[PDB]
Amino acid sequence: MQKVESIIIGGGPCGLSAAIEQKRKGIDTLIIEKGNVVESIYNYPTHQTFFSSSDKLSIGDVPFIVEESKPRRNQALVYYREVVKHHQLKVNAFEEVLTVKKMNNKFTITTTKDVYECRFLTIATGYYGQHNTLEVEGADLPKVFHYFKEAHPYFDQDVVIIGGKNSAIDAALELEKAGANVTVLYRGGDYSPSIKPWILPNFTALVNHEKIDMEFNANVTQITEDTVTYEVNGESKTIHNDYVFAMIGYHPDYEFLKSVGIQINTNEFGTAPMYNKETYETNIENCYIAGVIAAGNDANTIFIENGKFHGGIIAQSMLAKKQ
């Protein structure tokens, strides 16, 4: 088999940042990525614009420079590839880590391709692989998506969006521009404070001109092949519907996390993996986490801007264990 000093599961922005900082402290590292690098960003909608400025998304001391104020999807894809190029990062792409076991101060990593042995382990798997479950009658129909890519095919179609945060509002804007009849169904009372303040004005003007239907205090009770039923303050309504976008968020792969021996503790910000807030080391010795995997479900506490700093913290703790 292969023996490397450190292995990092996940080649996202926070995973890449973890390998760069470990390499800067003289630790030979290998990233194993289920797809290719920044697969999460690659899976954004094709039109997506980041909400951060491009400099705040930069890692490794490679400047992220874009004429525009905020960068789009593909611009980040080009950047992070150059980040891997510049730091000469070892990246085993299209390989899925399936099992991690610790044996006498060593890890045994079993993937889809090879078997690995390492001293240090860093899990930066994010949460985008596991979408929250809808739990309404009809939620498993093929007309229900939890991911948004493009809006053109839904031209002149009756579309319902479940959710109220940035994914829902973003998709509604793109779906309206493509000729779809968009009905957003949010359970809250007012707009979520997490919708960024420069996007909501363009959405509110559309609901004022009666181009997009917005409904508050709305919970979806039934989804059929061609209808959607939702209740507002008790009153049930049923409308024709062709597709449903369940933008209800994501959550980490807790099944994988417990199978290595990591505990879920639940605390201030919620159900999160147990880790030392000063070193990001988990309850399992020599196993660290990095990225949005440390926040839990809450998709507003940790993002790319602050998750990229975990690598520098992990690098210090690993170099310390070298007595």
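From 1 onward, residues are counted along the sequence shown.
Judged by mean Cα B factor in the deposited record, 264-272 ranks above the other of 264-272 and 23-31.
For the pair 89-97 and 72-80, the mean Cα B-factor is higher in 89-97. The PDB entry assigns its highest CA temperature factor, among 214, 124, 169, 118, to 118.
Ranking 193, 129, 188, 201 by the C-alpha B-factor listed in the PDB entry places 129 at the top. Per the deposited record, the Cα B-factor of residue 228 falls in the middle third when ranked against the other modelled residues of its chain. In the PDB entry, residue 164 places in the middle third of its chain by CA B-factor. Annotation for residue 292: CA B-factor lies in the middle third of the chain's modelled residues. In the PDB entry, residue 147 places in the middle third of its chain by CA B-factor. The deposited CA B-factor of residue 314 belongs to the middle third of values across its chain.
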